[PDB]
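We begin with a single chain expressed as structure tokens, specifically the form deposited in one PDB entry.
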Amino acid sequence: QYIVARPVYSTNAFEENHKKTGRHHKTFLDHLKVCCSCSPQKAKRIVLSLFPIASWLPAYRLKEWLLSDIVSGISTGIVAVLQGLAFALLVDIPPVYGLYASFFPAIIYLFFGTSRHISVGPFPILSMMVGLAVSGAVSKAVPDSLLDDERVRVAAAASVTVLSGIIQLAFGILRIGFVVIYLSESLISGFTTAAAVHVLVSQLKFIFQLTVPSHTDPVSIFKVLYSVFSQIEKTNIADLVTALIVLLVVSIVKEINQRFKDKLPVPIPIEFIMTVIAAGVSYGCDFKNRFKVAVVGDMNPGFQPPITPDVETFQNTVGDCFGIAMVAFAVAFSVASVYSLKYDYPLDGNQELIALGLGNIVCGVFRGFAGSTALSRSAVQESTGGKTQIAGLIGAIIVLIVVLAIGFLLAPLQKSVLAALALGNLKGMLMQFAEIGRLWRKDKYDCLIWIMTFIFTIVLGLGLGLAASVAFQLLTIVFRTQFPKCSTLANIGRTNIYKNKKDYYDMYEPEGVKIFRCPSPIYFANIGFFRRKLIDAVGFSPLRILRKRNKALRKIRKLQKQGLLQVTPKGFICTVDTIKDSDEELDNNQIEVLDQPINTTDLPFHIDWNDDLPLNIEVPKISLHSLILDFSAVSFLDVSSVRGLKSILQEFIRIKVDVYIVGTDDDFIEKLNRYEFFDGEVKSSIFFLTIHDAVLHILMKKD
């Protein structure tokens, strides 16, 4: 049973009887002495965190991990080759520059990366963003043969990814890799669903084999849909039927694959099989002069010399590279967190930013495009038994073998087989459309974030819809705390339990006491609503009672100068039966003296303000004498709240109503001490521990 016998405490009387420890909290100048104090332990702890390969490579279990890493590396390197060739088409550069995007960041991440299970390379949302930034950068260059219009796109892609890597590396150095908390899962879900719709639309010009101009920012998906479906009569039917056959086979076998996972080890590489079959039947049957199928061209065997990034492209694409860097880091951290939770090893977000930025810089210098991880390729690497990032090294070696030696193969590949392979794996992102119903019946504030993120991304493009979506998801936090359900409380069962007055049957309120509760932090978007709810909860406005009391006092003092009210020790004598109702109106520059506190020390008689005032002065009466504010769910105040609350409490104190703030911790009062809140009128003795403390104090101080 609950049995408590203690004294009534008042948050000052609690601190006289219970000695505090007196903690000396930390300043700024010693925050700048814990950072600059270097040590031989601190330096080695830093340089083993900058080069994580110095810590996991000598701890390699080369009896339990090597064969699994080799098998997983081969199985992810084949997928990396095909995905690089397919994602180079979304940037509209020659396809061999896709392979450079799947080699250099995977080599840099082996040395500088902290995850063990992600596969580093291109992924289609980032490749679409890089393609849109290139189309925006070549449409803004100053002026000074379709081999030279793609030589500009390659240099623009290289410059965009060098700038994105520079931004990522700078944010990793500045230790602000915690920015991934500013994206909710509803925002990520809506953004990835709309990006899957963007990817699905962008692969239509390769299936139908049409020529679509490179549209730009505001509504890119509808311009591309119009330019595709206005030329639908020029559709090459061989590419269409080949893409449909490859798409049907890869979706059927990818359903069969995960439908039967207990019986099937190292799952079926149906995309490699269909690519081999399609390139082998396009060769031999000569699907380039019988029909007019566009193929992957003759890729040159070898790497290309490094280029210097153009500062004009740096100037024209600053916000595009900011969006590319943010989306790349957010996707990589979201994918790597799954496997770090699954296998229990720590992830360093700032080291992730440093490794991805260095990989993107080295990739863009040697003419590749932007890299992060993909969820699909990382799932392929982890599903086949990847243990460390040596599987990434074997995958990069497979990409290297394809670049240097076997590049005469993949030349009869039909360029719509790649689009069909990219369309066959949009299923996981398109199945997120069944989340509007769940979030609708769950929250309705995150369903709004989902729907507005989808709409903003669709009708504003992948770079600008993300910024608008982040701003709207910041608005929804204000929407949650805008009109809080403010309550009046009452006692149940004649004990220390106080709940909502409209919720149970036999509640009891002490006479003259009001207990008000705001279940929300009070800030600038909240304080006027709080004042309105408090005023209609107590039943009156204290400013009106104060002003009418001041008007009555001015009329009483005016009648005292005329000798009409001879003041006794008790009671006014009233040596007139009735005066003829002369009300006096004050001017402006003089009305604010009605808001001053009443000091009736010149009369020996104590004016009651509640019984009856002589000579027909109405002065409306109140029954309230004590007000309790339950500030237990109020997490913070800012400035506007402290001003408005100081005004409310000053207006309540001046009409002789005691106020009590109840339910706060010591940090709340310690922050209120900085706000110039307490003075000779609002004292610190209004704070109490619990509601029952204040109620017992009221009942003791009355009688």
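Residue numbers run from 1 along the displayed sequence. C-alpha atoms forming the largest set that superposes within 1.5 Å between two forms make up the rigid core.
**Q** Between us, would residue 503 come up missing in a third or more of the other compared entries?
**A** It is not, since residue 503 is included in all of the other entries that model both flanking stretches.
**Q** At least a third of the other compared entries leaving residue 145 unmodelled, is that the case?
**A** That residue is missing from at least a third of the other compared entries.
**Q** Between residue 577 and residue 578, how many residues of the deposited sequence have no coordinates in this entry: none, 1 to 3, 4 to 9, or 10 or more?
**A** Gap between residue 577 and residue 578: none.
Same protein, other form: the form deposited in another entry, not shown, and the subject of what follows.
**Q** Please name the single residue among 230, 482, 495, 562 whose Cα shifts by at least 2 Å between this form and the one not shown after core superposition.
**A** The one that shifts is 562.
**Q** Any CA movement of 2 Å or more for residue 572 between this form and the one not shown, core superposed?
**A** Yes, shifts by 2 Å or more.
**Q** Any CA movement of 2 Å or more for residue 315 between this form and the one not shown, core superposed?
**A** No, shifts by less than 2 Å.
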